[PDB]
There are 2 protein chains.
Amino acid sequence: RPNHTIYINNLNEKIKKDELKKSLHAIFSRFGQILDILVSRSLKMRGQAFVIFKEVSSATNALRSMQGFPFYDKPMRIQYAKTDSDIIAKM
Amino acid sequence: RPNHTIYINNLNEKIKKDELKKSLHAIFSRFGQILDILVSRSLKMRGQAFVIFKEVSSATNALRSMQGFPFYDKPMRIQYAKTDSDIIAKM
RNA sequence: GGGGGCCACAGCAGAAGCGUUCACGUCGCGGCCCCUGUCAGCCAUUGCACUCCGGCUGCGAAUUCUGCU
RNA sequence: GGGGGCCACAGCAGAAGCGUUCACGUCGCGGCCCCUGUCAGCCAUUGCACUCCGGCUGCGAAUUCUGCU
Ligand SMILES: [K+]
Ligand SMILES: [K+]
Ligand SMILES: [K+]
């Protein structure tokens, strides 16, 4: 069940928000245009990120190519987001 | 063998040199005048400190009173210094 | 960093030395507390969101002198 | 933050913002590459000194303009 948005967890929770978004953008921008990267460090949402790609093909390539990739010395676990991100559902 | 200088190890190695010196001074100056606090973060000397008291009785009181005291969530391990500090030997 | 409370202290002006600062100028530099943005340490969390928001603890910078009343 | 290399850049005058800053004013805010203070993540280290000094990885302060010539 592919999706425009990939769900990444098992992220290093010590990395700050602005730095985590910039590093996630640096390693995921080669798969295609990124519309947004959503990161929160609250108890519920820490260690996780949502990367919204402009095209589902980019998300599929990113999920297959970056699965288990070490990122701040922790392997990224990548799934498709279970539901459409708000911006995707509105366009 | 009460020495002017107490040797403290099992110290939190993530604490930076200036903060470690100020915090060690806050709890040990209660026991008497401190002549110097020697802290190095090199591989050999990290997690350790030398607190030099002006009088030997202060070092004995500081040792008996602060043995095992939680310090940055690690129990302080205090001994007398095996040899005199350079500044004490020259006095 | 911010906001209050005690206990000092005759006022105003000035010089220098410091503190903060890439540096310079303004500014600030008596003791003890309390509250609070950030930051750090430890604990807890493997969590599917479109969002301020887990807990505890700690850091909370810097004095001499000279005029006038 | 600093030190270098390679290109790009006409002067005067302003407005807003940003960066550095306890906060203002001065100052600074084009691109790429290399080295590096610091900082951060991971790994290793329980160590008796009077001192630069373990390894690897990452970030690398800040502007679009605006008129006149
Ligand atoms: K974790
Ligand atoms: K996160
Ligand atoms: K140390």
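Reckoned from all heavy atoms, side chains included, excluding hydrogens, waters and symmetry mates. Proteins come first, then strands; the chains are lettered A, B, ... in the order of their sequence lines, and each starts at number 1.
Contact between A/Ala89 and A/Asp84 at its shortest, heavy atoms only, is CB-CB, 4.2 Å. Nearest approach of B/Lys17 to B/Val39, heavy atoms of both residues: CE-O, 3.3 Å. B/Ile78 and B/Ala62 make their closest contact through CD1-O, 4.1 Å (heavy atoms, listed as atom of the first residue, atom of the second, distance).
Nearest-nucleotide positions on RNA chain D place A/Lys14 closer to the 5' end than the other of A/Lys14 and B/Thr5. Along RNA chain C, the nucleotide closest to B/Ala26 and the one closest to A/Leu11 are compared, and the more 5′ of them pairs with A/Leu11.
When the pucker is read from the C1'-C2'-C3'-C4' torsion, the sugar belonging to C/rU63 turns out south, on the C2'-endo side. In C/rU66, the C1'-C2'-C3'-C4' torsion is positive, which places the sugar in the north family. The pentose of C/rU36 belongs to the north class of puckers. Its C1'-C2'-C3'-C4' angle has a positive sign. Judged by the sign of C1'-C2'-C3'-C4', the furanose ring of C/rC22 adopts a north, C3'-endo-like conformation. A negative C1'-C2'-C3'-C4' angle places the sugar of C/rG60 in the south (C2'-endo) family.
Taking CD of A/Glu13 as the reference point, atom CE of A/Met45 lies at 11.5 Å (rounded to 0.5 Å). To the nearest 0.5 Å, atoms CG (B/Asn9) and CZ (B/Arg77) are separated by 4.5 Å. A distance of 9.0 Å separates CG of B/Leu35 from OG of B/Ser85, quoted to the nearest 0.5 Å. Atoms OH and CZ, on A/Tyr80 and A/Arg1 in that order, are 11.0 Å from each other to the nearest 0.5 Å.
Remark: of the listed residues A/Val51, A/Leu24, A/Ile27, A/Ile27 is the sole one forming a side chain to side chain contact (heavy atoms under 4.5 Å, CB included) with A/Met66.
If you take atom P in C/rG25 and the same atom in C/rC39, they sit 32 Å apart, rounded to whole Å. On the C1' atoms, D/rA49 is 43 Å away from D/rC33, given to the nearest whole Å. Nucleotides D/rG54 and D/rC22, compared at atom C1', are 38 Å apart to the nearest Å. Separation of the P atoms belonging to D/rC56 and D/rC6 is 30 Å when rounded to the nearest angstrom. Separation of the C1' atoms belonging to D/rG1 and D/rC29 is 14 Å when rounded to the nearest angstrom. Taking atom P in both C/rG60 and C/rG2, the straight-line distance is 16 Å, to the nearest Å. Rounded to a whole angstrom, the distance from the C1' atom of D/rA23 to that of C/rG19 is 15 Å. Comparing the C1' positions of C/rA61 and C/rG28 gives an interatomic distance of 10 Å, to the nearest angstrom.
Judged by ring centres closer than 5.5 Å and planes tilted by less than 30°, the bases of C/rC7 and C/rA8 are stacked on each other. Classification of the C/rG47/C/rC48 step: not stacked, the six-membered rings not being both closer than 5.5 Å at their centres and less than 30° apart in plane orientation. Neighbouring nucleotides D/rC59 and D/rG60 have six-membered base rings whose centres lie under 5.5 Å apart with planes under 30° to each other, which meets the stacking criterion. Judged by ring centres under 5.5 angstrom apart and ring planes under 30 degrees, C/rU26 stacks on its strand neighbour C/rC27. Neighbouring nucleotides C/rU51 and C/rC52 do not stack on each other, since their six-membered rings fail either the 5.5 Å centre distance or the 30° plane angle limit.
Both B/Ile8 and B/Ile37 belong to a single network of hydrophobic side chains, linked directly or stepwise wherever heavy atoms of I, L, V, M, F, W or Y lie under 4.5 Å apart. B/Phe28 and B/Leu20 fall within a single hydrophobic cluster, where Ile, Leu, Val, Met, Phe, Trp and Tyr are joined by side-chain heavy atoms under 4.5 Å apart, directly or via other members.
Glycosidic torsion of D/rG41 falls outside 90° of 0, placing the base in anti. Taking the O4'-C1'-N9-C4 or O4'-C1'-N1-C2 dihedral as appropriate, C/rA8 has a value within 90° of 0 and is therefore syn. Classified by its glycosidic torsion, C/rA62 falls in the anti category, the angle being over 90° from 0. Base orientation of C/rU57: anti (glycosidic angle beyond 90° from 0). Glycosidic torsion of D/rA61 falls within 90° of 0, placing the base in syn.
Using a 4.0 Å cut-off on heavy atoms, none of the residues of residues 33-55 of chain A approach RNA chain D. Within a heavy-atom distance below 4.0 Å of RNA chain D, the residues of residues 68-91 of chain A found are A/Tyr72, A/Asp73.
If you walk RNA chain D from 5' to 3' and mark each nucleotide with an atom closer than 4.0 Å to a heavy atom of chain A, the marks span D/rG41 to D/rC42.
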TODO: Dot-bracket notation for RNA chain C is requested: 5' to 3', Watson-Crick or G-U wobble pairs only, both distances under 3.5 Å, with ( ), [ ], | and . as defined.
DONE: ((((((...[[[..[.(((...|||.))).))))))..(((((..........))))).....]..]]]

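You'll find the side chain of A/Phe53 reaches within 4.5 Å of the side chain of A/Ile34, heavy atoms only. In this structure, the side chains of B/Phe71 and B/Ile15 stay at 4.5 Å or more apart for every pair of heavy atoms. No side-chain heavy atom of A/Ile6 sits under 4.5 Å from any side-chain heavy atom of A/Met76.
For residues 27-37 of chain B, no residue pair satisfies the side chain to side chain donor-acceptor pair (under 3.5 Å) rule, not counting sequence neighbours. Residues in residues 44-55 of chain B take part in these side chain to side chain donor-acceptor pair (under 3.5 Å) pairs, two or more places apart or across chains: B/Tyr7-B/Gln48.
With hydrogens and angles ignored, the 3.5 Å screen pairs a side-chain donor or acceptor of B/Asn12 with a backbone N or O of B/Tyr72.
Within the 4.0 angstrom heavy-atom criterion, only backbone atoms of the sugar-phosphate kind lie near A/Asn12; the bases stay farther away.
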